[PDB]
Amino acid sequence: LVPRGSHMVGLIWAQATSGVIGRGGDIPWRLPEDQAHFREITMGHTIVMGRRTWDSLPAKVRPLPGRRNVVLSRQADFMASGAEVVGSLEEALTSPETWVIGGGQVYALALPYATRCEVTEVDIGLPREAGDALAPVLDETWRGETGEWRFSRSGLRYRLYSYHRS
């Protein structure tokens, strides 16, 4: 349960088996089951994203519906129509339950405050290239549940992980 006086922080991402989450301003695969899962978990909560993740959303789609959208930027003139731009996690994490939805920089930034990670891993062979955005590495304080490999309508294997810590 999430008490309303708390500030729970979760991270949610989809990665290739290499840990790649982003390349060239996009995600280098498509998996409908991951889109459905991401929406099931985040719906109704505040979502926090880095400015480059906001940029990666088509203008017509953003802000993402059904969730309070918060974007992190250090640029005083960056504006996100329909959403709030703040300069720090201190300002972004005021809700009782917040999902950090990427990208690579913001996962690393939020990791010290997070107590849950929800991961989709896609069995697509995409080795890491310079400039890629990557999933955060999780130390031994994080305890994980790994699901069995499942198979997408799109013909890719995928599996879910849930990590927690105190």
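Each form is matched to the other, and the largest set of C-alpha atoms that superpose within 1.5 Å is called the rigid core. Counting begins at 1, following the sequence as shown.
Of the two segments 151-159 and 19-27, the one whose CA positions lie farther from the displayed form in 9 other deposited structures of this protein, once all are superposed on the rigid core, is 19-27. Root mean square Cα distance to the shown form, taken over structures and residues in 9 other deposited structures of this protein after a core fit, is higher for 58-66 when 58-66 and 43-51 are compared. On average the C-alpha atoms of 94-102 have higher B-factors than those of the other stretch, with 94-102 and 34-42 being the two compared.
Here 135-143 and 107-115 are compared by their mean Cα B-factor, and 135-143 comes out higher. When the modelled residues of the chain are ordered by C-alpha B-factor, residue 15 sits in the lowest third. In this PDB entry, the Cα temperature factor of residue 127 sits in the top third of its chain's modelled residues, the highest group. Remark: residue 155 belongs to the middle third of its chain, ranked by C-alpha B-factor as recorded. When the modelled residues of the chain are ordered by their C-alpha B factor, residue 65 lands in the highest third. Among the modelled residues of the chain, residue 72 sits in the lowest third by CA temperature factor in this PDB entry.
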